[PDB]
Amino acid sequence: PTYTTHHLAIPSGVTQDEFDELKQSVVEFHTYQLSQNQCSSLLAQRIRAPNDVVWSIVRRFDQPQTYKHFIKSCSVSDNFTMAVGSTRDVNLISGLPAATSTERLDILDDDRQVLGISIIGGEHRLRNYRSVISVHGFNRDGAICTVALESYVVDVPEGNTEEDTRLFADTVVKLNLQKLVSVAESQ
């Protein structure tokens, strides 16, 4: 049984002194069991906003459009209590190698500010995608900033390679983290 090893490499965008603290949550949250012909990656984004308002955005499992790209519309299932086990039907915008996606909210921990979702259907080539977003505050001489960490694991589709899948999956996650920056620093 193999496992991701993202604790071994300081991800782009974080200081050594921040990773000393972040290296702990990486092994706690952002570590997956690796099945054959799969792949994974870990991304991080410094946000100049308090880790409570960052989390306040990130947790809105029913408004992913607010802090994510490529969403045309998202609908839940009427009776929605934002509880683990919930689902949401997404429609993507045009011009993508994707058109819909069904997502299920697996982790929702307000005590540790960690958000986990597994994609369970839809029309796209990222089968068995699971992602974790954990928010981490910091303080440096009264300057309250946030480091967000997102990882994922996904099956590698037929025809493509691990680095294609990382390069495509990474590209979207960076973009989405880059927007979350702009939205949080705006509040």
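All residue numbers are counted from 1 along the displayed sequence.
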Which is higher on average in the deposited entry, the C-alpha temperature factors of 74-82 or of 113-121? 74-82
For the stretches 8-16 and 170-178, which has the higher mean C-alpha B-factor as given in the deposited record? 8-16
Per the deposited B-factor column, the C-alpha that peaks among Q45, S151, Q63, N51 belongs to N51
What third of the chain does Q38 rank in for C-alpha temperature factor, lowest, middle or highest? highest
With respect to C-alpha B-factor, does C145 fall in the lowest, middle or highest third of the chain as deposited? highest
Name the third of the chain's ranked CA B-factors that contains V27, choosing lowest, middle or highest. highest
